[PDB]
Amino acid sequence: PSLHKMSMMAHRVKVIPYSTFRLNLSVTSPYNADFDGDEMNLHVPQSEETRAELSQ
Amino acid sequence: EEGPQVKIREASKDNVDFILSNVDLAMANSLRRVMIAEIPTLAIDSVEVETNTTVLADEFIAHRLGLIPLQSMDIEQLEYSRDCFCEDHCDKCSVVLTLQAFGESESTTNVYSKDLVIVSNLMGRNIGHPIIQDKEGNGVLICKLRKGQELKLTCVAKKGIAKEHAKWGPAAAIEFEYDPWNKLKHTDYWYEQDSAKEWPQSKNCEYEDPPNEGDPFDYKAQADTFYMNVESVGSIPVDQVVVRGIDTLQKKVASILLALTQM
Amino acid sequence: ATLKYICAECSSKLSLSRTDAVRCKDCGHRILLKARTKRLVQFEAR
Amino acid sequence: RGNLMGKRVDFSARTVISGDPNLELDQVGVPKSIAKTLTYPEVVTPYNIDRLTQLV
Amino acid sequence: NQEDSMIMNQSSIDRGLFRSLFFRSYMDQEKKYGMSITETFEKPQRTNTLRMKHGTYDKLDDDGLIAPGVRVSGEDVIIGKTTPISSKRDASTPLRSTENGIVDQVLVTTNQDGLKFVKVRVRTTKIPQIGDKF
Amino acid sequence: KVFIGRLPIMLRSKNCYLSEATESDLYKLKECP
Amino acid sequence: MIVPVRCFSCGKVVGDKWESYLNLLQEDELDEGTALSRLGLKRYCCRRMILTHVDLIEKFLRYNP
Amino acid sequence: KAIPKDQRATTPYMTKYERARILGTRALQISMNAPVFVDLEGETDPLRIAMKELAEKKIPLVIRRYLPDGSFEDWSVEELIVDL
DNA sequence: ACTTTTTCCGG
RNA sequence: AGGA
DNA sequence: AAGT
Ligand SMILES: [Mg+2]
Ligand SMILES: [Zn+2]
Ligand SMILES: [Zn+2]
Ligand SMILES: [Zn+2]
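Chains as they are written, first to last, in this note's numbering: chain A, 40 to 95; chain B, -12 to 250; chain C, 1474 to 1519; chain D, 2 to 57; chain E, 14 to 147; chain F, 1105 to 1137; chain G, 327 to 391; chain H, 3 to 86.
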């Protein structure tokens, strides 16, 4: 859903094999995700400006 | 006699029961690993299908064929296809098997691993013969056909290790145990009332000495002596699953030593 | 050689063209299959 | 609500999520297929030019 | 295996564990337009229309159908069809862009009307991978 | 006497062929027993 | 649907043992427990492979073309 | 209307948002082939360059802080304290 | 007498 | 019609 | 399940 400011967070990409978005286990709680078939979205900033907003 | 000692308990076509003494656990385990996934075998790896009128699908049968165990005795004198210079395959690097089957019989017609014929030249070396351990001499059951059900295909078997596919598995289950009286305190026995009663004793308890409680914990104590049992699938013979493993590992260590010398 | 389409039940090869009627000869049944390519398929045994 | 406050967007990806204890808190595992599809527009600059041409 | 995840034995997956077949039946028919203005199951090319799919029409045979052995993949055309106008508009059915596999059964039949009815089955095996649910 | 439309029949019903069919008959009819 | 060659867990060739199992049951009148063990399947992974097998192939064969 | 420097009453410190928009803005300009105001001591990322430009308070930008009435306080990235 | 909301994502 |  |  996204009822939290913490339901949408900025991350460092790590290119890996296998079709799943991998994520650290401690970040499980803010999103509220379990790994029982849960899916997630990924948006990519296009500016060196929209990037600063994410990182900073 | 030397460094690590061996004392074989039971031997057969399919199983070696022995005891590995004066060895490091890390050594006996690296040895366990190697026998599972690093000894090369030979199995079907390309199935060009001509006609399939069966109840099973092309790839269902394909996958099945790779699991059929092939003679991998003189495997050491077959090149890995990658290392060979021919585009695709040749006699130097591959064994070519053909399989033709048809339901002539009004009853159900069975298709066995015996029904495989080597079409390639074997260069007089022991390889590609489907392992038939079967009493009636039939080997694996690949398929079943009714009447007009024909099965035509060609297969190319290649070198490969179990690390690449479990079909190149030279060994089945590898039994590994140490310290049947937990004298090392390497495990904490879960219980309801009594640890010793509720947990069944190992058969290997007989080959080691009971703890005798009126003695302090030997912290100084290290784990040596590993009650093992290796099972051959059929490809390589039991003894060789061991020997070949011992060798394979030495070769890995040597490659390091060698690659170290290049620098 | 040449067996364009096989009938779905009796499995008798037909080899008909576009405008040669979608039906079997002895039995009716317009079901008719396609008979596998002569351009042969190869699969890895994994 | 559906076309203005909310919007279907580009540079967006979605898949099944799976936990990884070897990833860092702030990193996200991105499958190659998705990294290979998602694209950032970088401006040819004297700093990047050399790297950029290699990727081109 | 943390948080409703699970570790599967790769050695097992290869030995045949949790493998499954998957079929998908693509279907089509020749549509008649009043004055006997039918569509045609054929392998098209240029010929005034140029409104055809990007996928390799080359897997098609002259009847506008793949044969039951052929390994298909992208948006490779499974059924080639054309509709003329007052000429070969394309009406070709490509393989679901997402999909890939081997043609299984191709069935050529008749519609109640008497129209060319086609059903194409495409098989694939699915091995247990990493995001796979159980 | 006179035709009055077509009634969709439910499988394995009195008016369906399959009711009056044996294992062998069904397999022959390409129907799962 | 046709006997799996080799047990998923350990890898012991198991595709041969089928008809023999079906015979130690029918002809030899034994129980499943003793039959599996005559065939030398001691680890439960191997045992379950044969014990729990549903040979569906035989039903598919009853269909004509 | 514009508040005179001597009469300014906002933070002498730079907001989290000011800093994030300055680095974004300088990174966008440095990336658009703008003149860089510091020795790029091996630096190749326009954000890292922008961060360095800010580190030595060498960014020629000015934050116009707007008040609810429309009136505003102009503060330089030079004068703004970066404790954050 | 009379109206309007209700978590997020293959055909 | 179905997932979280 | 509420509220002009
Ligand atoms: Mg969940
Ligand atoms: Zn060769
Ligand atoms: Zn017929
Ligand atoms: Zn087993």
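Quick reminder that beta carbons are idealized off the backbone N, C-alpha and C, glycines included.
What is the DSSP secondary structure of residue i, counted as helix, strand or coil?
{"i": "B/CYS80", "result": "coil"}
{"i": "F/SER1123", "result": "helix"}
{"i": "B/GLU179", "result": "coil"}
{"i": "H/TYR68", "result": "strand"}
{"i": "A/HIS82", "result": "strand"}
{"i": "D/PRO32", "result": "strand"}
{"i": "B/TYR194", "result": "helix"}
{"i": "B/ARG20", "result": "helix"}
{"i": "A/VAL66", "result": "helix"}
{"i": "B/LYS131", "result": "strand"}
{"i": "E/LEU108", "result": "coil"}
{"i": "G/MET327", "result": "coil"}
{"i": "E/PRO141", "result": "coil"}
{"i": "B/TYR165", "result": "coil"}
{"i": "H/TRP77", "result": "strand"}
{"i": "B/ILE119", "result": "coil"}
{"i": "B/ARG69", "result": "helix"}
{"i": "B/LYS146", "result": "coil"}
Could you tell me the boundaries of the beta strand (DSSP E) in which residue i lies?
{"i": "H/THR27", "result": "Careful: H/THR27 lies outside any beta strand (DSSP E), inside the alpha helix (DSSP H) at 18 to 33."}
{"i": "B/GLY126", "result": "Where B/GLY126 is concerned, there is no enclosing beta strand (DSSP E), given that its DSSP letter is neither H nor E."}
Is it the case that the Cβ atoms of residue i and residue j are separated by a distance below 8 Å?
{"i": "B/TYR214", "j": "B/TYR176", "result": "no"}
{"i": "E/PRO57", "j": "E/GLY29", "result": "no"}
{"i": "D/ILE18", "j": "A/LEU62", "result": "yes"}
{"i": "B/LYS131", "j": "B/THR174", "result": "no"}
{"i": "E/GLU55", "j": "E/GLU43", "result": "no"}
{"i": "C/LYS1477", "j": "E/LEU78", "result": "no"}
{"i": "B/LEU86", "j": "B/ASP102", "result": "yes"}
{"i": "B/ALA158", "j": "B/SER100", "result": "no"}
{"i": "E/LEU73", "j": "E/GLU88", "result": "no"}
{"i": "D/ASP21", "j": "D/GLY30", "result": "yes"}
{"i": "C/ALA1481", "j": "C/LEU1505", "result": "yes"}
{"i": "H/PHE39", "j": "H/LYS60", "result": "yes"}
{"i": "B/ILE23", "j": "B/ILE148", "result": "no"}
{"i": "D/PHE12", "j": "A/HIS82", "result": "yes"}
At a CB-CB cut-off below 8 Å, which residues of chain G make contact with residue i?
{"i": "B/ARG19", "result": "The premise fails here: B/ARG19 is roughly 13 Å from chain G at the closest Cβ pair, so nothing lies under 8 Å."}
{"i": "E/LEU63", "result": "Those do not exist, as E/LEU63 stays about 42 Å from chain G at its closest Cβ, beyond 8 Å."}
Cβ closer than 8 Å: which chain D residues qualify as neighbours of residue i?
{"i": "A/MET79", "result": "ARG15, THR16, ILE18"}
Taking Cβ-Cβ distances shorter than 9 Å, what residues in chain G pair up with residue i?
{"i": "C/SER1484", "result": "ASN390, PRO391"}
For the alpha helix (DSSP H) containing residue i, list its first residue and its last residue.
{"i": "B/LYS238", "result": "225 to 249"}
{"i": "G/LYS343", "result": "343 to 351"}
{"i": "G/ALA361", "result": "358 to 364"}
{"i": "H/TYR15", "result": "Looking at the DSSP string, H/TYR15 is not in any alpha helix (DSSP H), and its letter there is neither H nor E."}
{"i": "H/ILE51", "result": "48 to 57"}
{"i": "G/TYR370", "result": "370 to 377"}
{"i": "residue 292 of chain G", "result": "Because chain G is modelled from 327 through 391, residue 292 of chain G falls outside the range shown and cannot be assessed."}
Return yes when the C-beta of residue i is under 7 Å from any heavy atom of ligand 3, and no when it is not.
{"i": "B/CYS73", "result": "no"}
{"i": "C/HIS1502", "result": "yes"}
{"i": "C/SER1488", "result": "no"}
Which residues in chain A have a C-beta closer than 8 Å to the C-beta of residue i? List them in chain order.
{"i": "D/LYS33", "result": "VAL54, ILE55, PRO56"}
Let me check you understand the geometry: is the CB of residue i closer than 7 Å to at least one non-hydrogen atom of ligand 4?
{"i": "F/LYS1134", "result": "no"}
{"i": "E/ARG28", "result": "no"}
{"i": "B/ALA158", "result": "no"}
{"i": "B/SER219", "result": "no"}
{"i": "B/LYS238", "result": "no"}
{"i": "G/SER335", "result": "yes"}
Since residue i meets chain A, which of its residues come closer than 7 Å, beta carbon to beta carbon?
{"i": "E/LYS146", "result": "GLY76"}
{"i": "E/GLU16", "result": "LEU64, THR67, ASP73, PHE74"}
Quick check: does the Cβ of residue i come within less than 7 Å of any heavy atom belonging to ligand 1?
{"i": "A/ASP73", "result": "yes"}
{"i": "E/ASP145", "result": "no"}
{"i": "E/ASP74", "result": "no"}
{"i": "B/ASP166", "result": "no"}
Residue i versus chain D: which residues are under 7 Å apart at the beta carbon?
{"i": "H/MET34", "result": "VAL44"}
Given that residue i touches chain H, what residues does it touch there, using C-beta distances under 7 Å?
{"i": "D/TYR48", "result": "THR46"}
Interface residues of chain B around residue i at Cβ under 9 Å?
{"i": "C/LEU1513", "result": "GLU35, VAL36, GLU37"}
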